[PDB]
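Engineer: sequence and experimental coordinates follow.
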Amino acid sequence: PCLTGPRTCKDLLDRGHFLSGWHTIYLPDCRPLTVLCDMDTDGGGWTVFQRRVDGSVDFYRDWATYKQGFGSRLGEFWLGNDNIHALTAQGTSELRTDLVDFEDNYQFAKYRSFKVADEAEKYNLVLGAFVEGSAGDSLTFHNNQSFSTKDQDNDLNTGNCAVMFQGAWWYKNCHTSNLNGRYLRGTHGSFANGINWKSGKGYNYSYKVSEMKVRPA
Amino acid sequence: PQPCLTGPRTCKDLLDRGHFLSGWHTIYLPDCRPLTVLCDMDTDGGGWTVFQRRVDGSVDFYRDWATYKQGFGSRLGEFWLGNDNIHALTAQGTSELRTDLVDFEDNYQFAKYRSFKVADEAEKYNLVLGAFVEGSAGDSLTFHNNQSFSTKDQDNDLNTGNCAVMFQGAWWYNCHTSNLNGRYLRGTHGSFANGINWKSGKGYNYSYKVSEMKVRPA
Amino acid sequence: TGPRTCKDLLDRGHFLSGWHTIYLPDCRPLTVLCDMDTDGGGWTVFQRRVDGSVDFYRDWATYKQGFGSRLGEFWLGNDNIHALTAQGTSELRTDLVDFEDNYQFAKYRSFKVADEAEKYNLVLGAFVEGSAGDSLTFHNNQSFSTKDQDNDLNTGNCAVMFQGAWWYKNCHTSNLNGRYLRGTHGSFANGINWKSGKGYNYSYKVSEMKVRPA
Ligand SMILES: *[C@@H]1O[C@H](CO[C@@H]2O[C@@H](C)[C@@H](O)[C@@H](O)[C@@H]2O)[C@@H](O[C@@H]2O[C@H](CO)[C@@H](O[C@@H]3O[C@H](CO[C@H]4O[C@H](CO)[C@@H](O)[C@H](O)[C@@H]4O)[C@@H](O)[C@H](O)[C@@H]3O)[C@H](O)[C@H]2NC(C)=O)[C@H](O)[C@H]1NC(C)=O
Ligand SMILES: CC(=O)N[C@@H]1[C@@H](O)[C@@H](O)[C@@H](CO)O[C@@H]1O
Ligand SMILES: CC(=O)N[C@@H]1[C@@H](O)[C@@H](O)[C@@H](CO)O[C@@H]1O
Ligand SMILES: [Ca+2]
Ligand SMILES: [Ca+2]
Ligand SMILES: [Ca+2]
């Protein structure tokens, strides 16, 4: 069934699967991977590689853990950097970020392309242009930057951005978005260690919900 | 079409076969065609297929005709199974309708019904209800029977204007007795009869927290 | 030619916790909840409390077949738990989460339950460690009781008195299938309680029981 089956969430939408949920697709190397398809938002057909919903899961994790993915299909998760690379290595995927505060305000941001290099290249980010979005652009800042974890500092800071802002990211010096930060529940006094999108609700507010998803453009 | 003799026909068959846990399973409509449904194995004995569910306001139920046509939402949250599917699922033979409704105070309420069917789209997804049977809810969905289902981008109601808009939902609409796909307006709300409203559950000013609409061959 | 435990699944590259299907000693397929995230991962979860939305005060027929929702709380079923732990020694972990979001846990060298004929009798290994303390050893070598089938060592009915289902003795020091009484409660020992953890008056927010081949 490598040849019979679907390759992206967009294919699945095309075959009449209209409910968001966990489906299995086939990577370019025929590796089956079970992913979360968002069939409801902005046309549908999105593959979701990051989800924060309740802070039930700990996102302050080491390199090996971000490499392979972690969390629960039942809630919060990170698909894993190898998988994310695999899903974007060949061709041309757009990127949607979806955010929701505790007041119930939906914000979003969209990007013309999104790709991450392989581990040899430290999961480098190549971000396309900012298209539109109510959350403002807080990711172009992090273009062309390696991913870093607490136990592997690849940022452009003389210190450790992952430790300073309690997360994992394509930190530069340090950040303008921090979606793998701590689930601090709305306003917080600690400086920028939450689920923060600057242009969105700033350095001191942590969203209720965060989702990053890709669709083939 | 006619009852698939070759695999699990309904959530009921699943139960009889030893899937005791509530969850997304897959069945074969009389088409003998597959679809992946939510089976409620736990309630009023078990065996139910759920075509509608609200829980947490996460999803926007104020959608147009084409989107109710095919179903929307998420397997992990609120969802509508789509009217084509719902047709195909009930309008083969006899199948009961149960409704579960929970208030934000954390109680429980219901409303078994004899028989439930939606005619197709060709025929405006007209609802064929049957006799109320029992349930702490009252709303004996007598009205709405023989009524075309209505959205925002179409009309068809007992009221000149959009029943849809004026109340912000979708249902088989002079104007509405029970407004289940309405706006997840957490609790008692000043605005009138636009919330997630049973009628004799909590009137028009209490939108519930949790809602489910399911079916089992009667 | 396929997995027989959550541990196997971990070994093949399934890194996300979730519902997978495994194959039991007889090859009956069984869909279980794999915890791939906690303490090394590879745990099969047979009991889960999360929010109190499921009735746990249930009979023998229901505790035998299992009940609830993969979407939330559930009990895998006594038949299943025995099949899962029929032979090659699985260790048990017990994971507990209070209402201020604090974690306590407990871990046991081994865990096994007999079949229905021996009335799902508890066979438990040695306490190896855990912030929750030991509150299960006390129940070693006791049959399981529900409300409609009293097998305890009490002249009365422990299942009824503490609104639960357990290897009740006279009666319990843990009562994890107890009523979901959110937080501290005046009522005595009828919550999701763990005597050594938070005592007979604190009922937890999350509770999970899980097995992995030792
Ligand atoms: C992405 O960013 C890199 C540098 O950032 C690193 O690499 C990326 C992939 C991430 O993993 C980050 O975390 C890392 O921080 C840019 O590299 C620079 O590109 C510019 C072009 O604008 C180069 O500027 C030129 O360099 C010429 C000579 O380069 C050679 O010598 C230098 C040092 O002497 C050496 O570092 C380099 O490798 C070559 O050997 C020079 O003649 C020319 O006139 C101009 O100065 C700059 O040298 C590059 N630096 C590095 C570190 O290589 C990428 O350009 C950028 N890519 C994209 C797509 O934008
Ligand atoms: C959190 C993180 O990335 N650290 C993990 C920890 O969670 C646990 O999985 C451990 C097992 O020894 O391996 C790491 O140390
Ligand atoms: C709730 C419980 O455990 N009790 C059940 C009850 O709900 C019902 O299903 C009955 C048979 O009709 O079996 C028990 O007696
Ligand atoms: Ca650094
Ligand atoms: Ca009209
Ligand atoms: Ca007794």
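Structural biologist: Received it, and whenever you're ready, just let me know what you need. Residues are numbered from 1 along each chain as shown, chains lettered A, B, ... in the order given. Ligands and ions are numbered 1, 2, ... in the order given.
Engineer: domains for chain A, by residue range?
Structural biologist: Following curated CATH domains, one finds the domains of chain A at A:1-135+A:209-217, A:136-208.
Engineer: turn those into TSV, columns for distance to ligand 6 and mean neighbour count.
Structural biologist: Every residue, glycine included, has its C-beta placed from N, CA and C. Below are the domains of chain A laid out as TSV (distance: least, Cβ to the ion, whole Å; neighbours: other Cβ atoms under 10 Å in any protein chain shown):
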stretch	distance to ligand 6	mean neighbour count
domain A:1-135+A:209-217	38	18
domain A:136-208	46	19
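Engineer: assign a three-state SS to the nearest residue to residue A:88 once chain neighbours are set aside, would you?
Structural biologist: Closest residue in space to residue A:88, ignoring its immediate chain neighbours: residue A:115 at 4.6 Å, by Cβ to Cβ, 6 or more residues apart in numbering or on different chains. At residue A:115, secondary structure determined by DSSP: H, G, I helix; E, B strand; the rest coil is strand.
Engineer: state the distance from residue A:115 to residue A:81.
Structural biologist: Taking Cβ to Cβ, to the nearest Å as the measure, residue A:115 and residue A:81 are separated by 12 Å.
Engineer: and what of residue A:43?
Structural biologist: Shown here: residue A:43 relative to residue A:81, a distance of 26 Å by Cβ to Cβ.
Engineer: repeat that for residue A:179.
Structural biologist: Applying Cβ to Cβ, the value for residue A:179 to residue A:81 is 14 Å.
Engineer: phi, psi for residue A:96 please.
Structural biologist: The phi/psi pair for residue A:96 (degrees, to the nearest 10) reads phi -110, psi 130.
Engineer: and residue A:81, by the same measure?
Structural biologist: With angles defined as degrees, to the nearest 10, residue A:81 sits at phi -60, psi -40.
Engineer: same question, residue A:125
Structural biologist: Dihedral angles (degrees, to the nearest 10) for residue A:125: phi -100, psi 120.
Engineer: so it makes contact with residue A:143?
Structural biologist: Yes - using Cβ atoms under 8 Å, residue A:125 makes contact with residue A:143 at a distance of 6.2 Å.
Engineer: nearest residue to residue A:153 other than its sequence neighbours?
Structural biologist: That would be residue A:160: by Cβ to Cβ, 6+ apart, it lies 5.1 Å from residue A:153.
Engineer: and for residue A:11?
Structural biologist: Using Cβ to Cβ, 6+ apart, the closest residue to residue A:11 is residue A:25 (7.5 Å).
Engineer: so how far is ligand 2 from the one you found?
Structural biologist: Residue A:25 is 27 Å from ligand 2, where distance means Cβ to the nearest ligand atom, to the nearest Å.
Engineer: please report phi then psi for that residue.
Structural biologist: phi -120, psi 180.
Engineer: that one bridge partners, please.
Structural biologist: Counting by DSSP bridges, residue A:25 forms beta bridges with residue A:33.
Engineer: close to ligand 1, is stretch A:159-173?
Structural biologist: No - using Cβ under 6 Å from any ligand atom, stretch A:159-173 never reaches ligand 1; the gap is at least 8.0 Å.
Engineer: can you give me the helices in chain A?
Structural biologist: Per DSSP state H, chain A carries helices over the ranges A:9-14, A:63-68, A:81-86, A:161-164, A:198-201.
Engineer: contacting residues around residue A:25?
Structural biologist: A:5, A:6, A:7, A:8, A:9, A:11, A:12, A:32, A:33, A:35, A:47 (Cβ atoms under 8 Å, 6 or more residues apart in numbering or on different chains).
Engineer: rerun at 7 Å
Structural biologist: A:6, A:7, A:8, A:9, A:33, A:35 (Cβ atoms under 7 Å, 6 or more residues apart in numbering or on different chains).
Engineer: what parts of chain A come near chain C?
Structural biologist: Chain A has residues A:68, A:69, A:70, A:71, A:72, A:73, A:74, A:77, A:80 near chain C, with proximity defined as Cβ under 7 Å from any Cβ of the partner chain.
Engineer: coming back round to it: which residues does the residue nearest to residue A:88 bridge with?
Structural biologist: Taking DSSP bridges as the rule, residue A:115 bridges to residue A:126.
Engineer: quick check: closest non-adjacent residue to the closest residue to ligand 3 within chain A.
Structural biologist: For chain A, the residue closest to ligand 3 is residue A:74, as judged by Cβ to the nearest ligand atom, at 25.1 Å. Nearest non-adjacent residue to residue A:74, counting by Cβ to Cβ, 6+ apart: residue C:18, 6.4 Å away.
Engineer: does any bit of stretch A:120-129 sit next to ligand 1?
Structural biologist: Yes - Stretch A:120-129 comes into contact with ligand 1 (Cβ under 6 Å from any ligand atom), by way of A:122, A:124.
Engineer: residue numbers of chain A in contact with ligand 2?
Structural biologist: Chain A has residues A:61, A:62, A:65 near ligand 2, with proximity defined as Cβ under 6 Å from any ligand atom.
Engineer: so the second one makes contact with residue A:162?
Structural biologist: No - using Cβ atoms under 7 Å as the test, residue A:62 is too far from residue A:162 to be in contact (9.8 Å).
Engineer: what sits against the residue in chain A that chain C sits nearest to?
Structural biologist: Closest to chain C within chain A is residue A:73: 3.5 Å, counting by Cβ to the nearest Cβ. Shown in contact with residue A:73 (Cβ under 7 Å, 6+ apart): A:22, C:16, C:17, C:18.
Engineer: which pair in these has the greatest spatial separation?
Structural biologist: The most widely separated members of those, counting by Cβ to Cβ, are A:22 and C:17 (12.0 Å).
Engineer: surely residue A:197 meets residue A:139?
Structural biologist: No - under the criterion of Cβ under 7 Å, residue A:197 is not in contact with residue A:139, lying 8.5 Å apart.
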